[PDB]
């Protein structure tokens, strides 16, 4: 009390080109409390080798985390960012739109 729901944004570091090394980012922000499960997914499975920033928070005390992983896209592969949090009835999966990314203004 109070409890704030994470905002989830997914975007790549470089242009999405099949066969070209790239970085996939998931920026998860505006949540409270800090306990959270964030995973990057490749075809539904947690990507085991990822990096994440240490926990930090904004002026309003809401938390944020940046996740990133090196990946090489192809036409068949589907990437996502999945988040579970006390504010979430069921884990939320935010699919990476290759052309648009998946942002929340």
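Residue numbers count along the first chain shown, from 1.
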Which has the higher mean CA temperature factor in the PDB entry, 42 to 50 or 58 to 66?
42 to 50
When mean C-alpha B-factors in the record are compared for 28 to 36 and 75 to 83, the larger belongs to 75 to 83
Third of the chain's Cα B-factor distribution that residue 4 belongs to, per the entry
middle
Residue 18 - Cα temperature factor, lowest/middle/highest third of chain
highest
